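Asker: There's a structure below that I have some questions on.
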Amino acid sequence: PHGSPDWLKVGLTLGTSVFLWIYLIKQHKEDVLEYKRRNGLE
Amino acid sequence: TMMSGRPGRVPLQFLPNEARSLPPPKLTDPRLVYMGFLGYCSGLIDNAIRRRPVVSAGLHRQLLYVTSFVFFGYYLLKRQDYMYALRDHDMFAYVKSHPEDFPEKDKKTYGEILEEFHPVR
Amino acid sequence: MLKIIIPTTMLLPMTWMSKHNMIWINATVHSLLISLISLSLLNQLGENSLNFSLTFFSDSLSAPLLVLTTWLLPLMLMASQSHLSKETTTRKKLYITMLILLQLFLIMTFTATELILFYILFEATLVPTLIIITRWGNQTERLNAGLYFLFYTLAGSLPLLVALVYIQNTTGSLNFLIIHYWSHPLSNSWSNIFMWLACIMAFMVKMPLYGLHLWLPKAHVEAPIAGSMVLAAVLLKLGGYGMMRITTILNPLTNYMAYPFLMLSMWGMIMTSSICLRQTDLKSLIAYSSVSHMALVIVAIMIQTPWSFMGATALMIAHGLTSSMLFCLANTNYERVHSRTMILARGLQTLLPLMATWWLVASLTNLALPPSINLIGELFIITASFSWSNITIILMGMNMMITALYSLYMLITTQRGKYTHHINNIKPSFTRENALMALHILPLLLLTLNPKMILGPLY
Amino acid sequence: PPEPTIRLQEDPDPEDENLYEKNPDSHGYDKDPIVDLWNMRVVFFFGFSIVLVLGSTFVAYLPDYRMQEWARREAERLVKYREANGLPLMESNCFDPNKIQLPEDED
Amino acid sequence: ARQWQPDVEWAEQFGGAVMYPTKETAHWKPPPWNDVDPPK
Amino acid sequence: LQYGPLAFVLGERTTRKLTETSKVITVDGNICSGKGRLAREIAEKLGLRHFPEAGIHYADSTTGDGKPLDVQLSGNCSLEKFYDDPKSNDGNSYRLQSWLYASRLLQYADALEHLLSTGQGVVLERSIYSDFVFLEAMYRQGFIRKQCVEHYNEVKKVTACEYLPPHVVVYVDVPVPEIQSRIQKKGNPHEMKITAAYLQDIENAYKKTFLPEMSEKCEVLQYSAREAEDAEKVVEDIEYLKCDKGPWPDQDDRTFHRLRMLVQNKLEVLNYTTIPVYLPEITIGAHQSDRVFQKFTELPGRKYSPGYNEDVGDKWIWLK
Amino acid sequence: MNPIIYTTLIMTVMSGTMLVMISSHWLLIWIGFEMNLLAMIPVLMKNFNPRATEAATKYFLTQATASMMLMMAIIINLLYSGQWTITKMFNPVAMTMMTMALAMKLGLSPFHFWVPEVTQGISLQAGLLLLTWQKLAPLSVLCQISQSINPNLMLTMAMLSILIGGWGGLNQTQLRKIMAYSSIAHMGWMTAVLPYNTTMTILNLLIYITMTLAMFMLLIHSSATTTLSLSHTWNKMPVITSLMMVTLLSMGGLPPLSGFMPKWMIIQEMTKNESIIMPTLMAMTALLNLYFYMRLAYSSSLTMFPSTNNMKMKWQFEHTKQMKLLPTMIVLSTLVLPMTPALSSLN
Ligand SMILES: CCCCCCCCCCCCCCCCC[C@@H](O)O[C@H](CO[C@H](O)CCCCCCCCCCCCCCC)COP(=O)(O)OCC[N+](C)(C)C
Ligand SMILES: CCCCCCCCCCCCCCCCC[C@@H](O)O[C@H](CO[C@H](O)CCCCCCCCCCCCCCC)COP(=O)(O)OCC[N+](C)(C)C
Ligand SMILES: CCCCCCCCCCCCCCCCC[C@@H](O)O[C@H](CO[C@H](O)CCCCCCCCCCCCCCC)COP(=O)(O)OCC[N+](C)(C)C
Ligand SMILES: CCCCCCCCCCCCCCCCC[C@@H](O)O[C@H](CO[C@H](O)CCCCCCCCCCCCCCC)COP(=O)(O)OCC[N+](C)(C)C
Ligand SMILES: CCCCCCCC/C=C\CCCCCCCC(=O)O[C@H](COC(=O)CCCCCCC/C=C/CCCCCCCC)COP(=O)(O)OCCN
Ligand SMILES: Nc1ncnc2c1ncn2[C@@H]1O[C@H](COP(=O)(O)OP(=O)(O)O)[C@@H](O)[C@H]1O
């Protein structure tokens, strides 16, 4: 109807996406470090 | 294969500890890109159903779809790789532990092997 | 190969974000550009193949078919530009999307180093075709034609999946290189006979073989123009390509399992050539001509001699180009006449001379006139079958005579004679149709200069 | 029978629109003259000029990877060597007999 | 000059209770538009 | 937070808003009567909300802009053509009747939604009930066929088996010669072509069938032309009577919640107005439907959702 | 009904299924089945009408008979071996009777007669829940005892189910009966691979659940029950018809769509056990499902059926309620073939 951009939902969606991406990056880094530790590569 | 009853299995663990001994999938993995593409397709279909400008209706919603699909795809790929590594490990251990059932083939050369010849006429 | 697959994929976003009045221009230009890129694949070597990666490889059998597939799409767009004038933008974009998906599936099919991937794409090529036939078709029989085309193909190809997974379970790999190198003879047993039948019938139904060709006249008549050309030019060659790829593991059983199919094809060529003589429709006549030529290709493949394979490849390419041209000409006639009947419009040569020239050239090429590649493939198959048995020459000569007869009958009925009086909407032929015919015919007369490019791996 | 004899509401079948009547020099591509002309131009340029000619020359001048001249030279050298030394040209056995082992029958 | 599309006569084939009508099922009636039957 | 099961779970109970003043009232009368004037007075005096009679372009008023669309895009029928040629060959009579009935159904749904959402009552002209009298007049005069009234009856029963009949029915009675004189005085060039038999059929279809059916389950206030002028007596009669025979007392919070879910979401309200029965008067060919729908889509604020139209002037499209 | 009561009943249905899946006692599994049946009945009767009542009573009779048979099988198994744990059945008669009980619960032929009528009587929402959620408990129980089931009985019942679903789907016109016969055929497909590999059973179950959820949500979105009501849809929301046709093509097993993944994989498994005739028969039988799906697609999207005048008014109003996860369901049911190896996750 006569609806403005709901800034609350937009902010929540952006925050969720950014948090998920940061968590994925950190998890990948930790996983590769743990694998290199276990296999004695570096 | 039925690895459900495999000994020493935690009943409800998505990724056991030993699965950390394997290389994690790269973030540029083609399968992860495919999950991202699936997320984008879901976003476009969501825009189409709601009767909104398909390409550029909600950028945040499409981004959230892509991110969620990539997240689940990454974890699913890790679990898949761990399960396949388990299967190969069990295969090799069993073939080592039972030498009688997997004898070494007497290696032969094509020179001293008679194969019947069927001419084409 | 990805240098070819990726641009074909990018054709979709290119089409969907184009302006409403510029989709045809962009699609045609970039399809032609893609064809130029595909030309590089033609330079095959006498050794194994161009093994690009673990998933795609190119041979000198796949190269001509790939080039023809990439070349056909611009012609399909120019042919479809006519009857889609009064269509909404979304539906035109969907049509171009279907054509692009068909080309992409065919490109991925023709290399397909693994047989299961080949089968998956070989059946994937069936959805866009069915959508095109049943959606943008004029007659009310397009639905029945689509059902026939779907079920005739799927019933034949379903046992092929079981045969392939069984072969993988026993042999251990379905990669074509490993399959070729590790091939072993098939013993004469009932199980091996049924494996042979399962592996062969799926490709023989699509070719099509005489007795299973009922779907082809319906699919060719009721389809739009682009569907007709893609059916007659490329989709018929899938069966022959698959058969020539898969006959490497069926020896020596084929040596006596080819008799029913050889007899069926060598008699059905005569039957369909005779059928072409008494026909009240143009598209049906061209479809039956395609059936006859594909029956000859079946005979060639089942003979299994180097000259047979060379002639089969040459005939495949030549028949594809010729049938596409003939369907184009029939569609141009039907657009002005709106009837699709051979004797309703007569004496069109007095009104449209250049189209009469194109008709004459297409009929001569279909007539297997030397030194065109049509006759090259024809003659190679004739010599190979003569080596197989001296009595085949009777059937082949009868087929040649009937082919000449019905080709010149098609030319004479529609071009010569006195024009029909009560038709006064025969407008002069556009530049689009003349360009379409020229782009159809010039590659044939150019390939007659370098036959080795289309003679297959056994050259 | 007061039925209208009309089964349903339908537009009349429109008559075909001649592309020449409103626009001579129509090229049979599009009803918009400028887009139509440019479509003709790009089709003719990329079909005939770019692909059909440059591609034909490229295929004509493709490097000999099939090794035809190489095979001719090898055959020439082999024939010269075998004729000079009195060898009987082509050999009946593709593979030398000594390397091959035949299972004994003793039947 | 027009692509054929189904008319009323073509659409009435799928309007029955079941496809391929027979003698036994000729007297069957399609269910009501809303899934409510008269209280009788 | 639009109304839904969650809102009902937390706070939204519609039995609290009803304060004995709701009293949905439909004012029904013969063609060119004083009912419209009367309905306005009742709504003004009782504090209710008046809904003008639903016409051809009623639905266009509630969606997008209130400006009506083209006749081809909304209704595909005209009342003047019905008056000029009642036996029109192209089945204009039924198309007009069905479009008007469906518009009245939409208006009734909107009125019920307003009543349940706010608690303030509504006043209506001819509702979905009493609309069948025009169909009977058309059929007896021979304007429409029997299959026509059969299809109308099917649609009416399916659509009206889910709504509460109005609390009070107000009927204004005017003799046929008097309304003929009123029509002549009106001056609308098409209206003097209304035959006296048509008006007589409308009146006796009103009296013989509609009035007893409303009487057996509701309250009926039959008023003559003179006594209907004085709205004070009408309002006093409205207050004096007490509603204890209809289904309204039997309704509770749960049934009211179900009805409120039904009245909103207009697609379900109009779902059964397009049942697949192919009468030649209402059915439309595939080509005509395609062309008309395509033309409808090109309207300014109709291509996308209400809030996602760039040409109208909606901004922040890429973040909604 | 009250929204709170409806939510409570749905939670109770899910809790019964969870109790069936997470329990190691036969008595607790029977209790979970009883709780599921007890709470599932009012969901069928949410929209009160004679058809719903008749469907609910048919469902109750069938489920009660199945539960009694299951309890008798449990009793016999306990008699011949004093074990309550769900493991090897230790008795042939008990295994046979429990197989019939679980067939009755699932809907496999010749115990399939109740599915079309129950689906037809009850609403779309009720039908959607019944078609997908109900299958999870009996399938889990069958997977837990797959090492004891007799291959002959399960295989012949699966073959009969595929044949019956394919044949019965051709005649029906109402969409709910078509869905019921489709479910029967899919379960015939899915239970045939139980003796060989339960992972294929779970994968087929997931794919089928996704496909049928998408199709039922599409049918709810465009409120159509009969074929002609669906044919009218193209005039208002053509996108819905296009998506429905794509999903129908997927459900027929056409590659490269997702619906080809189970069948193919299942065939592969039965080829590893030297079973060749049966997979071929089931493929040629699934051709019938493909046929009636194609007929529905012809009626719905690929052709434009005559419309109605009143439909004009429906052009002005938008769908007020949007169901979340519909685009995800469509994408998962159409374009997930390239990720087939993920089935190694033992899903
Ligand atoms: C007088 C001269 C007469 C003969 C002229 C012949 C001209 C031939 C032009 C046509 C060429 C056909 C296309 C060939 C494409 C296949 C080869 C292509 O894939 O190679 C790519 C390279 O392609 C070129 O970089 C780009 C060529 C594309 C353009 C061709 C020229 C014509 C283009 C016309 C476009 C439109 C013109 C403007 C119109 C307005 C990638 O190479 P790469 O795999 O890394 O190589 C590895 C080996 N290395 C390391 C030794 C290189
Ligand atoms: C209709 C349009 C075309 C469709 C496709 C047509 C092609 C299908 C035809 C099948 C090809 C041949 C099938 C079997 C070939 C084997 C040779 C056999 O037929 O000859 C004799 C076999 O004897 C009898 O034929 C036994 C089979 C009889 C039953 C088969 C049905 C025959 C008629 C059915 C025709 C139906 C065809 C279409 C079905 C829809 C030889 O006896 P024997 O040397 O000891 O056994 C040889 C096999 N060994 C060595 C492995 C043991
Ligand atoms: C209008 C009236 C007539 C006007 C025209 C007058 C001029 C007459 C000329 C017409 C024909 C006369 C014959 C002259 C032939 C000379 C050229 C010929 O010798 O070159 C051929 C070469 O031509 C090409 O090989 C043939 C063209 C390639 C075919 C590709 C088609 C173009 C792509 C379009 C898509 C294809 C669709 C189908 C896919 C399979 C043969 O090559 P080759 O003798 O060995 O040696 C070449 C040089 N070497 C030694 C360095 C190697
Ligand atoms: C379309 C395909 C189906 C998609 C299904 C919906 C996808 C979204 C589901 C969200 C995640 C699912 C599970 C949530 C993670 C936590 C639960 C986890 O602990 O469960 C583990 C198990 O994880 C799940 O099983 C894996 C879920 C992954 C499902 C996807 C596989 C589909 C394969 C083909 C499609 C490829 C993916 C397409 C995009 C999703 C425990 O396993 P375990 O208790 O020890 O073994 C029980 C099974 N037994 C009894 C047979 C031995
Ligand atoms: C256009 C319509 C065309 C229809 C084509 C349908 C016919 C195709 C040919 C038969 C298809 C089924 C063949 C099975 C797939 C091959 C698998 C295989 O080779 O495995 C065999 C198994 O062989 C079989 O099981 C074959 C059984 C066939 C059952 C189905 C019969 C279908 C119809 C048969 C007659 C059709 C033949 C002519 C068809 C002409 C076209 C109409 C080996 O068995 P093992 O278990 O390994 O034994 C080894 C230890 N001794
Ligand atoms: N179902 C219908 N069929 C034909 N005409 C109708 C229908 N419903 C309303 N109308 C028209 O609506 C007009 C207004 O009705 P009426 O109350 O008599 O006049 P007024 O609004 O001035 O009081 C009338 O001319 C009547 O014909």
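As shown in the structure tokens, the chain order sets the letters A, B, ...; within each chain, residues go from 1, and ligands are also counted from 1 in the order they appear.
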Neighbours of ligand 3 within 6 Å, counting only C-alpha atoms and all ligand atoms, as a list in words?

Answerer: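 For ligand 3, the residues inside 6 Å are residues 64, 67, 68, 71, 443, 446, 447, 449 and 450 of chain C; 52, 55, 56, 59, 60 and 61 of chain D.
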
Asker: Select from chain E every residue with an atom at most 8 Å from any atom of chain F, then for each give the shortest pair of atoms and their distance in Å to one decimal, using only C-alpha atoms, rows by chain and rising number, as JSON lines.

Answerer:
{"residue": "E:5", "atom": "CA", "partner": "F:286", "partner_atom": "CA", "distance": 6.5}
{"residue": "E:6", "atom": "CA", "partner": "F:286", "partner_atom": "CA", "distance": 7.4}
{"residue": "E:7", "atom": "CA", "partner": "F:285", "partner_atom": "CA", "distance": 6.8}
{"residue": "E:8", "atom": "CA", "partner": "F:278", "partner_atom": "CA", "distance": 6.7}
{"residue": "E:33", "atom": "CA", "partner": "F:275", "partner_atom": "CA", "distance": 7.4}
{"residue": "E:34", "atom": "CA", "partner": "F:158", "partner_atom": "CA", "distance": 6.8}

Asker: For the selection you just gave me, I'd like the residues written to a file as a PDB file, in the first residue's frame, keeping N, CA, C and O atoms.

Answerer:
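Saved result, selection10.pdb, follows:
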ATOM      1  N   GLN E   5      -5.738 -21.762 -30.479  1.00  0.00           N
ATOM      2  CA  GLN E   5      -5.807 -21.912 -29.036  1.00  0.00           C
ATOM      3  C   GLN E   5      -7.125 -22.568 -28.659  1.00  0.00           C
ATOM      4  O   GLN E   5      -8.120 -22.419 -29.374  1.00  0.00           O
ATOM      5  N   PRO E   6      -7.158 -23.308 -27.551  1.00  0.00           N
ATOM      6  CA  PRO E   6      -8.350 -24.100 -27.233  1.00  0.00           C
ATOM      7  C   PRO E   6      -9.590 -23.235 -27.073  1.00  0.00           C
ATOM      8  O   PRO E   6      -9.535 -22.124 -26.543  1.00  0.00           O
ATOM      9  N   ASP E   7     -10.713 -23.762 -27.540  1.00  0.00           N
ATOM     10  CA  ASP E   7     -12.014 -23.132 -27.424  1.00  0.00           C
ATOM     11  C   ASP E   7     -12.840 -23.877 -26.379  1.00  0.00           C
ATOM     12  O   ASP E   7     -12.339 -24.761 -25.676  1.00  0.00           O
ATOM     13  N   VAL E   8     -14.117 -23.505 -26.270  1.00  0.00           N
ATOM     14  CA  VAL E   8     -14.990 -24.121 -25.274  1.00  0.00           C
ATOM     15  C   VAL E   8     -15.140 -25.613 -25.542  1.00  0.00           C
ATOM     16  O   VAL E   8     -15.100 -26.432 -24.616  1.00  0.00           O
ATOM     17  N   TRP E  33     -18.278 -26.842  -6.460  1.00  0.00           N
ATOM     18  CA  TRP E  33     -17.146 -25.928  -6.569  1.00  0.00           C
ATOM     19  C   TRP E  33     -16.506 -25.683  -5.209  1.00  0.00           C
ATOM     20  O   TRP E  33     -15.277 -25.708  -5.074  1.00  0.00           O
ATOM     21  N   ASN E  34     -17.320 -25.445  -4.190  1.00  0.00           N
ATOM     22  CA  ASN E  34     -16.861 -25.498  -2.813  1.00  0.00           C
ATOM     23  C   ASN E  34     -17.212 -26.863  -2.240  1.00  0.00           C
ATOM     24  O   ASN E  34     -18.244 -27.448  -2.576  1.00  0.00           O
TER      25      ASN E  34
END

Asker: Based on only C-alpha atoms, which of the residues in chain F come within 12 Å of chain D? I want them as an MDAnalysis selection string.

Answerer: chainID F and resid 76 87:92 95 142:148 278:292

Asker: Using only C-alpha atoms and all ligand atoms, tabulate the residues of chain F lying at most 9 Å from any atom of ligand 6, each with its closest atom pair and that distance in Å to one decimal, by chain and increasing residue number, as JSON lines.

Answerer:
{"residue": "F:28", "atom": "CA", "partner": "ligand 6", "partner_atom_place_in_ligand_line": "17 (O)", "distance": 8.3}
{"residue": "F:29", "atom": "CA", "partner": "ligand 6", "partner_atom_place_in_ligand_line": "17 (O)", "distance": 6.9}
{"residue": "F:30", "atom": "CA", "partner": "ligand 6", "partner_atom_place_in_ligand_line": "18 (O)", "distance": 5.9}
{"residue": "F:31", "atom": "CA", "partner": "ligand 6", "partner_atom_place_in_ligand_line": "18 (O)", "distance": 3.1}
{"residue": "F:32", "atom": "CA", "partner": "ligand 6", "partner_atom_place_in_ligand_line": "18 (O)", "distance": 3.5}
{"residue": "F:33", "atom": "CA", "partner": "ligand 6", "partner_atom_place_in_ligand_line": "23 (O)", "distance": 5.3}
{"residue": "F:34", "atom": "CA", "partner": "ligand 6", "partner_atom_place_in_ligand_line": "23 (O)", "distance": 6.0}
{"residue": "F:35", "atom": "CA", "partner": "ligand 6", "partner_atom_place_in_ligand_line": "23 (O)", "distance": 6.2}
{"residue": "F:36", "atom": "CA", "partner": "ligand 6", "partner_atom_place_in_ligand_line": "23 (O)", "distance": 4.9}
{"residue": "F:37", "atom": "CA", "partner": "ligand 6", "partner_atom_place_in_ligand_line": "23 (O)", "distance": 7.4}
{"residue": "F:52", "atom": "CA", "partner": "ligand 6", "partner_atom_place_in_ligand_line": "21 (O)", "distance": 8.5}
{"residue": "F:53", "atom": "CA", "partner": "ligand 6", "partner_atom_place_in_ligand_line": "21 (O)", "distance": 7.1}
{"residue": "F:54", "atom": "CA", "partner": "ligand 6", "partner_atom_place_in_ligand_line": "9 (C)", "distance": 7.6}
{"residue": "F:55", "atom": "CA", "partner": "ligand 6", "partner_atom_place_in_ligand_line": "9 (C)", "distance": 6.7}
{"residue": "F:56", "atom": "CA", "partner": "ligand 6", "partner_atom_place_in_ligand_line": "9 (C)", "distance": 8.7}
{"residue": "F:79", "atom": "CA", "partner": "ligand 6", "partner_atom_place_in_ligand_line": "5 (N)", "distance": 6.3}
{"residue": "F:80", "atom": "CA", "partner": "ligand 6", "partner_atom_place_in_ligand_line": "25 (O)", "distance": 9.0}
{"residue": "F:82", "atom": "CA", "partner": "ligand 6", "partner_atom_place_in_ligand_line": "4 (C)", "distance": 7.7}
{"residue": "F:83", "atom": "CA", "partner": "ligand 6", "partner_atom_place_in_ligand_line": "27 (O)", "distance": 8.4}
{"residue": "F:93", "atom": "CA", "partner": "ligand 6", "partner_atom_place_in_ligand_line": "3 (N)", "distance": 7.7}
{"residue": "F:94", "atom": "CA", "partner": "ligand 6", "partner_atom_place_in_ligand_line": "3 (N)", "distance": 8.6}
{"residue": "F:96", "atom": "CA", "partner": "ligand 6", "partner_atom_place_in_ligand_line": "3 (N)", "distance": 6.3}
{"residue": "F:97", "atom": "CA", "partner": "ligand 6", "partner_atom_place_in_ligand_line": "1 (N)", "distance": 4.6}
{"residue": "F:98", "atom": "CA", "partner": "ligand 6", "partner_atom_place_in_ligand_line": "1 (N)", "distance": 7.5}
{"residue": "F:99", "atom": "CA", "partner": "ligand 6", "partner_atom_place_in_ligand_line": "1 (N)", "distance": 8.2}
{"residue": "F:100", "atom": "CA", "partner": "ligand 6", "partner_atom_place_in_ligand_line": "1 (N)", "distance": 5.4}
{"residue": "F:101", "atom": "CA", "partner": "ligand 6", "partner_atom_place_in_ligand_line": "1 (N)", "distance": 6.3}
{"residue": "F:104", "atom": "CA", "partner": "ligand 6", "partner_atom_place_in_ligand_line": "8 (N)", "distance": 8.9}
{"residue": "F:125", "atom": "CA", "partner": "ligand 6", "partner_atom_place_in_ligand_line": "17 (O)", "distance": 7.9}
{"residue": "F:126", "atom": "CA", "partner": "ligand 6", "partner_atom_place_in_ligand_line": "8 (N)", "distance": 7.9}
{"residue": "F:131", "atom": "CA", "partner": "ligand 6", "partner_atom_place_in_ligand_line": "1 (N)", "distance": 6.0}
{"residue": "F:132", "atom": "CA", "partner": "ligand 6", "partner_atom_place_in_ligand_line": "1 (N)", "distance": 7.6}
{"residue": "F:133", "atom": "CA", "partner": "ligand 6", "partner_atom_place_in_ligand_line": "1 (N)", "distance": 8.1}
{"residue": "F:134", "atom": "CA", "partner": "ligand 6", "partner_atom_place_in_ligand_line": "1 (N)", "distance": 5.3}
{"residue": "F:135", "atom": "CA", "partner": "ligand 6", "partner_atom_place_in_ligand_line": "1 (N)", "distance": 6.9}
{"residue": "F:138", "atom": "CA", "partner": "ligand 6", "partner_atom_place_in_ligand_line": "3 (N)", "distance": 8.5}
{"residue": "F:186", "atom": "CA", "partner": "ligand 6", "partner_atom_place_in_ligand_line": "22 (O)", "distance": 8.9}
{"residue": "F:191", "atom": "CA", "partner": "ligand 6", "partner_atom_place_in_ligand_line": "25 (O)", "distance": 7.3}

Asker: Please dump the current selection as a compact mmCIF listing (two decimals), in the first residue's frame; keep N, CA and C atoms.

Answerer:
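again09.txt written:
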# COMPACT_ATOMS: atom_id res chain seq x y z
N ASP F 28 -33.29 -1.17 0.54
CA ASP F 28 -33.66 -1.69 -0.78
C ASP F 28 -34.97 -1.12 -1.31
N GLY F 29 -34.95 -0.73 -2.57
CA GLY F 29 -36.10 -0.14 -3.23
C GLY F 29 -36.15 -0.40 -4.73
N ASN F 30 -37.28 -0.06 -5.34
CA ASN F 30 -37.50 -0.22 -6.78
C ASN F 30 -36.71 0.83 -7.59
N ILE F 31 -36.56 0.62 -8.89
CA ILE F 31 -35.78 1.55 -9.71
C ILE F 31 -36.29 2.98 -9.62
N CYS F 32 -35.34 3.91 -9.50
CA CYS F 32 -35.58 5.35 -9.38
C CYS F 32 -36.42 5.76 -8.18
N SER F 33 -36.24 5.06 -7.06
CA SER F 33 -36.94 5.36 -5.82
C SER F 33 -36.18 6.39 -5.00
N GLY F 34 -36.72 6.70 -3.83
CA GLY F 34 -36.13 7.66 -2.91
C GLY F 34 -35.23 7.01 -1.88
N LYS F 35 -34.95 5.72 -2.07
CA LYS F 35 -34.13 4.97 -1.13
C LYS F 35 -32.72 5.54 -0.97
N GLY F 36 -32.12 6.01 -2.06
CA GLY F 36 -30.78 6.55 -1.95
C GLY F 36 -30.75 7.75 -1.02
N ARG F 37 -31.74 8.63 -1.15
CA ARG F 37 -31.83 9.79 -0.27
C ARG F 37 -32.07 9.33 1.16
N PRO F 52 -22.31 4.05 -1.02
CA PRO F 52 -23.11 4.27 -2.23
C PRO F 52 -23.27 2.97 -3.01
N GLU F 53 -24.38 2.88 -3.75
CA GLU F 53 -24.69 1.66 -4.48
C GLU F 53 -23.57 1.29 -5.43
N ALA F 54 -23.25 0.00 -5.47
CA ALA F 54 -22.16 -0.47 -6.31
C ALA F 54 -22.56 -0.45 -7.78
N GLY F 55 -21.75 0.22 -8.60
CA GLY F 55 -21.99 0.31 -10.01
C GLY F 55 -21.03 -0.55 -10.82
N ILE F 56 -20.92 -0.22 -12.10
CA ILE F 56 -20.01 -0.95 -12.98
C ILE F 56 -18.56 -0.75 -12.54
N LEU F 79 -24.71 -0.14 -19.12
CA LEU F 79 -26.13 -0.12 -18.76
C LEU F 79 -26.97 0.54 -19.84
N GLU F 80 -26.44 1.58 -20.48
CA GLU F 80 -27.20 2.27 -21.52
C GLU F 80 -27.51 1.34 -22.69
N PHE F 82 -27.89 -1.82 -22.42
CA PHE F 82 -28.93 -2.72 -21.93
C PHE F 82 -30.30 -2.07 -22.05
N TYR F 83 -30.41 -0.79 -21.68
CA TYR F 83 -31.69 -0.10 -21.79
C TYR F 83 -32.11 0.05 -23.25
N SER F 93 -26.76 -8.25 -21.50
CA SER F 93 -27.59 -8.25 -20.31
C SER F 93 -26.97 -9.10 -19.20
N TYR F 94 -26.62 -10.35 -19.50
CA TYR F 94 -26.00 -11.18 -18.48
C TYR F 94 -24.67 -10.62 -18.02
N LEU F 96 -23.64 -7.58 -17.83
CA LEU F 96 -23.94 -6.51 -16.90
C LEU F 96 -24.42 -7.06 -15.56
N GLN F 97 -25.31 -8.05 -15.59
CA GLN F 97 -25.87 -8.58 -14.35
C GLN F 97 -24.79 -9.23 -13.49
N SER F 98 -23.93 -10.04 -14.10
CA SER F 98 -22.87 -10.70 -13.36
C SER F 98 -21.85 -9.71 -12.82
N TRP F 99 -21.45 -8.73 -13.63
CA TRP F 99 -20.49 -7.76 -13.14
C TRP F 99 -21.07 -6.98 -11.97
N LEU F 100 -22.35 -6.61 -12.06
CA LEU F 100 -22.98 -5.89 -10.96
C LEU F 100 -23.09 -6.76 -9.71
N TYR F 101 -23.44 -8.03 -9.87
CA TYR F 101 -23.54 -8.91 -8.71
C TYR F 101 -22.20 -9.09 -8.03
N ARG F 104 -21.33 -5.99 -6.16
CA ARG F 104 -22.07 -5.93 -4.91
C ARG F 104 -21.48 -6.87 -3.87
N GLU F 125 -27.12 0.08 0.05
CA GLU F 125 -28.22 -0.09 -0.90
C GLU F 125 -28.35 -1.57 -1.21
N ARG F 126 -29.06 -1.91 -2.29
CA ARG F 126 -29.28 -3.30 -2.67
C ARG F 126 -28.01 -4.13 -2.54
N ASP F 131 -30.54 -8.80 -5.08
CA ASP F 131 -30.03 -8.55 -6.42
C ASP F 131 -30.64 -9.51 -7.43
N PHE F 132 -31.18 -10.64 -6.95
CA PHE F 132 -31.75 -11.62 -7.86
C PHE F 132 -33.05 -11.13 -8.49
N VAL F 133 -33.64 -10.07 -7.95
CA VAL F 133 -34.91 -9.58 -8.49
C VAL F 133 -34.71 -9.03 -9.89
N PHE F 134 -33.56 -8.38 -10.14
CA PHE F 134 -33.27 -7.91 -11.49
C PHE F 134 -33.08 -9.08 -12.45
N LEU F 135 -32.45 -10.15 -11.97
CA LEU F 135 -32.31 -11.35 -12.80
C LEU F 135 -33.66 -11.95 -13.14
N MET F 138 -35.31 -9.78 -15.76
CA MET F 138 -34.73 -10.04 -17.07
C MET F 138 -35.22 -11.36 -17.65
N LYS F 186 -37.08 12.47 -14.66
CA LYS F 186 -35.64 12.39 -14.48
C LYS F 186 -34.89 12.97 -15.67
N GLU F 191 -33.64 6.13 -19.97
CA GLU F 191 -34.48 5.53 -18.94
C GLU F 191 -35.96 5.46 -19.31
